[PDB]
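Below is start.pdb, holding PDB, C-alpha atoms.
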```pdb
ATOM      1  CA  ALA I 220      55.041   2.587  29.244  1.00  0.00           C
ATOM      2  CA  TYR I 221      51.864   4.313  30.393  1.00  0.00           C
ATOM      3  CA  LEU I 222      50.912   4.776  34.034  1.00  0.00           C
ATOM      4  CA  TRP I 223      47.415   6.121  34.596  1.00  0.00           C
ATOM      5  CA  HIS I 224      44.596   6.361  37.105  1.00  0.00           C
ATOM      6  CA  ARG I 225      41.291   4.614  36.458  1.00  0.00           C
ATOM      7  CA  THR I 226      39.573   7.950  35.795  1.00  0.00           C
ATOM      8  CA  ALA I 227      42.083   9.069  33.156  1.00  0.00           C
ATOM      9  CA  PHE I 228      40.430   7.354  30.186  1.00  0.00           C
ATOM     10  CA  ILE I 229      36.732   6.877  29.403  1.00  0.00           C
ATOM     11  CA  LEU I 230      35.191   4.302  27.088  1.00  0.00           C
ATOM     12  CA  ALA I 231      31.565   4.654  26.030  1.00  0.00           C
ATOM     13  CA  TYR I 232      29.578   1.914  24.308  1.00  0.00           C
ATOM     14  CA  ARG I 233      26.070   1.782  22.857  1.00  0.00           C
ATOM     15  CA  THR I 234      24.814  -1.442  21.323  1.00  0.00           C
ATOM     16  CA  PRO I 235      22.857  -0.639  18.153  1.00  0.00           C
ATOM     17  CA  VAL I 236      19.234  -1.688  18.148  1.00  0.00           C
ATOM     18  CA  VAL I 237      18.029  -4.322  15.692  1.00  0.00           C
ATOM     19  CA  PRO I 238      15.415  -2.505  13.588  1.00  0.00           C
ATOM     20  CA  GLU I 239      11.977  -3.705  12.525  1.00  0.00           C
ATOM     21  CA  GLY I 240      13.179  -4.609   9.034  1.00  0.00           C
ATOM     22  CA  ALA I 241      16.030  -6.923  10.050  1.00  0.00           C
ATOM     23  CA  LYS I 242      15.304 -10.634   9.789  1.00  0.00           C
ATOM     24  CA  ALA I 243      17.854 -11.954  12.281  1.00  0.00           C
ATOM     25  CA  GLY I 244      19.115 -10.269  15.421  1.00  0.00           C
ATOM     26  CA  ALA I 245      21.030 -11.237  18.531  1.00  0.00           C
ATOM     27  CA  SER I 246      23.652  -9.848  20.899  1.00  0.00           C
ATOM     28  CA  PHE I 247      27.142 -10.950  21.899  1.00  0.00           C
ATOM     29  CA  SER I 248      29.721  -9.729  24.399  1.00  0.00           C
ATOM     30  CA  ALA I 249      33.329  -8.892  23.521  1.00  0.00           C
ATOM     31  CA  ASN I 250      35.146  -8.360  26.832  1.00  0.00           C
ATOM     32  CA  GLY I 251      31.974  -7.098  28.481  1.00  0.00           C
ATOM     33  CA  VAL I 252      30.876  -4.959  25.516  1.00  0.00           C
ATOM     34  CA  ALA I 253      27.456  -5.897  24.164  1.00  0.00           C
ATOM     35  CA  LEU I 254      27.594  -6.188  20.374  1.00  0.00           C
ATOM     36  CA  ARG I 255      24.755  -6.218  17.856  1.00  0.00           C
ATOM     37  CA  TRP I 256      24.609  -9.124  15.417  1.00  0.00           C
ATOM     38  CA  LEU I 257      22.487  -8.700  12.301  1.00  0.00           C
ATOM     39  CA  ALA I 258      22.038 -10.941   9.259  1.00  0.00           C
ATOM     40  CA  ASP I 259      20.667  -9.985   5.852  1.00  0.00           C
ATOM     41  CA  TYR I 260      20.135 -12.030   2.706  1.00  0.00           C
ATOM     42  CA  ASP I 261      21.563 -10.794  -0.594  1.00  0.00           C
ATOM     43  CA  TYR I 262      19.313 -12.237  -3.281  1.00  0.00           C
ATOM     44  CA  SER I 263      21.358 -10.479  -5.961  1.00  0.00           C
ATOM     45  CA  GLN I 264      24.562 -12.315  -4.997  1.00  0.00           C
ATOM     46  CA  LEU I 265      22.725 -15.338  -3.548  1.00  0.00           C
ATOM     47  CA  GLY I 266      24.122 -15.266  -0.061  1.00  0.00           C
ATOM     48  CA  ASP I 267      23.871 -14.013   3.487  1.00  0.00           C
ATOM     49  CA  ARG I 268      25.421 -10.880   4.977  1.00  0.00           C
ATOM     50  CA  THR I 269      26.249 -10.714   8.683  1.00  0.00           C
ATOM     51  CA  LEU I 270      27.381  -7.758  10.766  1.00  0.00           C
ATOM     52  CA  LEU I 271      28.516  -7.402  14.364  1.00  0.00           C
ATOM     53  CA  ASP I 272      28.786  -3.780  15.399  1.00  0.00           C
ATOM     54  CA  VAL I 273      28.983  -1.459  18.389  1.00  0.00           C
TER      55      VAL I 273
ATOM     56  CA  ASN O  56     -41.793  10.475 -32.757  1.00  0.00           C
ATOM     57  CA  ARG O  57     -44.952  12.196 -33.945  1.00  0.00           C
ATOM     58  CA  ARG O  58     -46.615  11.977 -37.339  1.00  0.00           C
ATOM     59  CA  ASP O  59     -49.740  13.610 -38.689  1.00  0.00           C
ATOM     60  CA  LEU O  60     -52.798  11.442 -38.267  1.00  0.00           C
ATOM     61  CA  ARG O  61     -54.108  10.038 -41.568  1.00  0.00           C
ATOM     62  CA  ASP O  62     -50.872  10.937 -43.319  1.00  0.00           C
ATOM     63  CA  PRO O  63     -50.524   9.647 -46.910  1.00  0.00           C
ATOM     64  CA  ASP O  64     -47.027   8.317 -46.161  1.00  0.00           C
ATOM     65  CA  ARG O  65     -46.812   5.543 -43.600  1.00  0.00           C
ATOM     66  CA  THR O  66     -43.094   5.333 -42.812  1.00  0.00           C
ATOM     67  CA  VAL O  67     -41.977   5.202 -39.184  1.00  0.00           C
ATOM     68  CA  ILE O  68     -38.680   6.506 -37.807  1.00  0.00           C
ATOM     69  CA  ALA O  69     -37.176   3.612 -35.874  1.00  0.00           C
ATOM     70  CA  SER O  70     -35.607   4.695 -32.603  1.00  0.00           C
ATOM     71  CA  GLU O  71     -32.209   3.509 -31.394  1.00  0.00           C
ATOM     72  CA  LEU O  72     -31.191   2.053 -28.029  1.00  0.00           C
ATOM     73  CA  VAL O  73     -27.578   3.048 -27.349  1.00  0.00           C
ATOM     74  CA  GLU O  74     -26.025   1.893 -24.078  1.00  0.00           C
ATOM     75  CA  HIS O  75     -23.214   4.108 -22.837  1.00  0.00           C
ATOM     76  CA  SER O  76     -20.264   3.405 -20.586  1.00  0.00           C
ATOM     77  CA  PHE O  77     -17.324   4.895 -18.734  1.00  0.00           C
ATOM     78  CA  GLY O  78     -14.215   3.351 -17.189  1.00  0.00           C
ATOM     79  CA  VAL O  79     -13.077   3.536 -13.568  1.00  0.00           C
ATOM     80  CA  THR O  80      -9.332   2.949 -13.243  1.00  0.00           C
ATOM     81  CA  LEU O  81      -7.062   2.099 -10.311  1.00  0.00           C
ATOM     82  CA  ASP O  82      -4.135   4.337 -11.190  1.00  0.00           C
ATOM     83  CA  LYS O  83      -2.421   5.843  -8.122  1.00  0.00           C
ATOM     84  CA  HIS O  84      -0.156   4.630  -5.323  1.00  0.00           C
ATOM     85  CA  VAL O  85      -0.172   6.750  -2.164  1.00  0.00           C
ATOM     86  CA  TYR O  86       2.694   6.069   0.216  1.00  0.00           C
ATOM     87  CA  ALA O  87       4.649   7.427   3.154  1.00  0.00           C
ATOM     88  CA  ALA O  88       8.233   6.180   3.403  1.00  0.00           C
ATOM     89  CA  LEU O  89      10.834   6.695   6.106  1.00  0.00           C
ATOM     90  CA  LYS O  90      14.576   5.998   6.152  1.00  0.00           C
ATOM     91  CA  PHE O  91      16.481   5.669   9.427  1.00  0.00           C
ATOM     92  CA  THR O  92      20.182   4.978   9.722  1.00  0.00           C
ATOM     93  CA  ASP O  93      21.376   2.608  12.433  1.00  0.00           C
ATOM     94  CA  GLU O  94      22.527   5.642  14.416  1.00  0.00           C
ATOM     95  CA  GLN O  95      19.176   7.416  13.999  1.00  0.00           C
ATOM     96  CA  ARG O  96      17.235   4.311  15.006  1.00  0.00           C
ATOM     97  CA  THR O  97      19.535   3.433  17.912  1.00  0.00           C
ATOM     98  CA  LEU O  98      20.072   6.888  19.406  1.00  0.00           C
ATOM     99  CA  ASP O  99      17.432   9.274  18.050  1.00  0.00           C
ATOM    100  CA  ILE O 100      14.301   7.087  18.151  1.00  0.00           C
ATOM    101  CA  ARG O 101      12.742   6.530  21.580  1.00  0.00           C
ATOM    102  CA  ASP O 102       9.259   5.088  20.959  1.00  0.00           C
ATOM    103  CA  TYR O 103       9.026   4.367  17.194  1.00  0.00           C
ATOM    104  CA  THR O 104       5.263   4.034  17.543  1.00  0.00           C
ATOM    105  CA  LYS O 105       4.351   7.593  18.497  1.00  0.00           C
ATOM    106  CA  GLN O 106       7.510   8.827  16.765  1.00  0.00           C
ATOM    107  CA  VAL O 107       7.453   6.952  13.440  1.00  0.00           C
ATOM    108  CA  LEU O 108       4.286   4.925  12.922  1.00  0.00           C
ATOM    109  CA  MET O 109       1.708   7.505  14.010  1.00  0.00           C
ATOM    110  CA  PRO O 110       3.199  10.347  11.895  1.00  0.00           C
TER     111      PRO O 110
END
```

Would you encode the structure as C-alpha cells?
Amino acid sequence: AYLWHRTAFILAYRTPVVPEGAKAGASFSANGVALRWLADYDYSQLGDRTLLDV
Amino acid sequence: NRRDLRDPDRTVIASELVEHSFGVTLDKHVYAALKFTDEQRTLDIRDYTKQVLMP
C-alpha cells in the first residue's frame, strides 16, 4: 500500500511529431495522454505498419 | 594547294572534309541528405524550414 501526496510523483509526456515523410498521421488519447499514430507501407512484405507512441 | 603554273604534270591533290565531334555526358548526382530520428525531429527541431531546408 502506497500513500502519497499529489506532488510526490511526476509524469512527463511529449507526443512525437509526425514528420514530413510519413504518409498517415493522427493523434489519440490514452487516459489524457496524447499519442502519435503513424502508418507506413512495407512494399517488401506487402503490408502496412502502424505505430502508436509517446 | 599550290602548284607551279604551266606544270608538265596536271594532277591535283584532293582535299578532305572531316567533321569532328565530342560528347557531353550527364554523369553526376549532387545531393544533400539528412536523417532525423523521431526524438531529434520531435524535440530538437523547432522550425525545420530555417533549420533543415535552408541549410

- Can you list what the PyMOL selection byres ((chain O) within 9 of (chain I)) grabs from this structure, as a PyMOL selection string? chain O and resi 93-94+96-98

Put those residues in a file: C-alpha atoms, as a PDB file, keeping the file's coordinate frame.
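Generated file (out21.pdb):
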```pdb
ATOM      1  CA  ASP O  93      21.376   2.608  12.433  1.00  0.00           C
ATOM      2  CA  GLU O  94      22.527   5.642  14.416  1.00  0.00           C
ATOM      3  CA  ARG O  96      17.235   4.311  15.006  1.00  0.00           C
ATOM      4  CA  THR O  97      19.535   3.433  17.912  1.00  0.00           C
ATOM      5  CA  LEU O  98      20.072   6.888  19.406  1.00  0.00           C
TER       6      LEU O  98
END
```

To test the calculation: enclose all listed atoms of range 233-246 of chain I in a box whose edges run along x, y and z, add 4 Å on each side, then state centre and edge lengths in Å to one decimal, as lines of an AutoDock Vina configuration file.
```
center_x = 19.0
center_y = -5.1
center_z = 15.9
size_x = 22.1
size_y = 21.7
size_z = 21.8
```

- Message: Running the PyMOL selection byres ((chain O and resi 88) around 12) on this model by hand, what would come out? Give it as a list in words.
- Response: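 Taken on the displayed file, the PyMOL selection byres ((chain O and resi 88) around 12) yields the residues residues 85, 86, 87, 89, 90, 91, 107, 108 and 110 of chain O.
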
- Residues near range 242-249 of chain I, cut-off 8 Å, only C-alpha atoms, skip fewer than 6 positions along chain, as a list in words: residues 255, 256, 257, 258 and 259 of chain I

- Message: What's the separation between CA of residue 253 in chain I and CA of residue 230 in chain I, in Å to one decimal place?
- Response: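 The value is 13.1 Å.
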
- Separation of CA of residue 101 in chain O from CA of residue 241 in chain I in Å: 18.0 Å

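The space between CA of residue 251 in chain I and CA of residue 227 in chain I spans 19.6 Å.
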
- Item | Residues returned when the PyMOL selection byres ((chain I and resi 272) around 6) runs on this file, as a list in words | residues 254, 255, 271 and 273 of chain I

Using the incomplete input, complete range 74-94 of chain O to the level of N, CA, C and O atoms; output as a tab-separated table (two decimals), in the coordinates of the input.
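The resulting file, result_21.tsv, is shown below:
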```tsv
chain	number	residue	atom	x	y	z
O	74	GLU	N	-26.54	1.99	-25.43
O	74	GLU	CA	-26.02	1.89	-24.08
O	74	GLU	C	-24.68	2.59	-24.02
O	74	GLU	O	-23.84	2.41	-24.90
O	75	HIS	N	-24.47	3.38	-22.98
O	75	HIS	CA	-23.21	4.11	-22.84
O	75	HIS	C	-22.38	3.49	-21.73
O	75	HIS	O	-22.82	2.60	-21.01
O	76	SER	N	-21.15	3.96	-21.60
O	76	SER	CA	-20.26	3.40	-20.59
O	76	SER	C	-19.17	4.40	-20.25
O	76	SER	O	-18.90	5.33	-21.01
O	77	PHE	N	-18.55	4.19	-19.10
O	77	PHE	CA	-17.32	4.89	-18.73
O	77	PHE	C	-16.47	4.00	-17.85
O	77	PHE	O	-16.98	3.18	-17.11
O	78	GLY	N	-15.16	4.18	-17.92
O	78	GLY	CA	-14.22	3.35	-17.19
O	78	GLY	C	-13.80	3.99	-15.87
O	78	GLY	O	-13.60	5.20	-15.80
O	79	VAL	N	-13.66	3.15	-14.85
O	79	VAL	CA	-13.08	3.54	-13.57
O	79	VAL	C	-11.77	2.77	-13.42
O	79	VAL	O	-11.76	1.54	-13.47
O	80	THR	N	-10.68	3.51	-13.22
O	80	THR	CA	-9.33	2.95	-13.24
O	80	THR	C	-8.67	3.08	-11.87
O	80	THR	O	-8.86	4.08	-11.18
O	81	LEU	N	-7.92	2.05	-11.49
O	81	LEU	CA	-7.06	2.10	-10.31
O	81	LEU	C	-5.67	2.52	-10.77
O	81	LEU	O	-4.94	1.73	-11.37
O	82	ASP	N	-5.29	3.78	-10.50
O	82	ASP	CA	-4.14	4.34	-11.19
O	82	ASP	C	-3.19	5.15	-10.31
O	82	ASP	O	-2.34	5.87	-10.85
O	83	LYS	N	-3.28	5.06	-8.99
O	83	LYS	CA	-2.42	5.84	-8.12
O	83	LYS	C	-1.93	4.98	-6.98
O	83	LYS	O	-2.56	3.99	-6.60
O	84	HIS	N	-0.80	5.37	-6.41
O	84	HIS	CA	-0.16	4.63	-5.32
O	84	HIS	C	0.29	5.66	-4.29
O	84	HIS	O	1.31	6.33	-4.47
O	85	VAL	N	-0.47	5.79	-3.22
O	85	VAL	CA	-0.17	6.75	-2.16
O	85	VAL	C	0.66	6.06	-1.10
O	85	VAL	O	0.33	4.96	-0.65
O	86	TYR	N	1.76	6.69	-0.71
O	86	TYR	CA	2.69	6.07	0.22
O	86	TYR	C	3.34	7.12	1.10
O	86	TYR	O	3.45	8.29	0.74
O	87	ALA	N	3.75	6.67	2.29
O	87	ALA	CA	4.65	7.43	3.15
O	87	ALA	C	5.81	6.51	3.48
O	87	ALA	O	5.61	5.39	3.96
O	88	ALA	N	7.03	6.97	3.22
O	88	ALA	CA	8.23	6.18	3.40
O	88	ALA	C	9.21	6.91	4.30
O	88	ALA	O	9.36	8.13	4.22
O	89	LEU	N	9.89	6.15	5.15
O	89	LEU	CA	10.83	6.70	6.11
O	89	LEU	C	12.13	5.90	6.06
O	89	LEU	O	12.11	4.68	5.90
O	90	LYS	N	13.25	6.60	6.20
O	90	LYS	CA	14.58	6.00	6.15
O	90	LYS	C	15.29	6.39	7.43
O	90	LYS	O	15.43	7.58	7.72
O	91	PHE	N	15.75	5.40	8.20
O	91	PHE	CA	16.48	5.67	9.43
O	91	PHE	C	17.80	4.91	9.42
O	91	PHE	O	17.81	3.69	9.30
O	92	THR	N	18.90	5.64	9.58
O	92	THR	CA	20.18	4.98	9.72
O	92	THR	C	20.24	4.25	11.06
O	92	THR	O	19.43	4.46	11.96
O	93	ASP	N	21.23	3.36	11.19
O	93	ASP	CA	21.38	2.61	12.43
O	93	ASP	C	21.63	3.54	13.61
O	93	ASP	O	21.20	3.27	14.73
O	94	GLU	N	22.34	4.64	13.37
O	94	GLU	CA	22.53	5.64	14.42
O	94	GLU	C	21.22	6.35	14.75
O	94	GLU	O	20.91	6.54	15.93
```
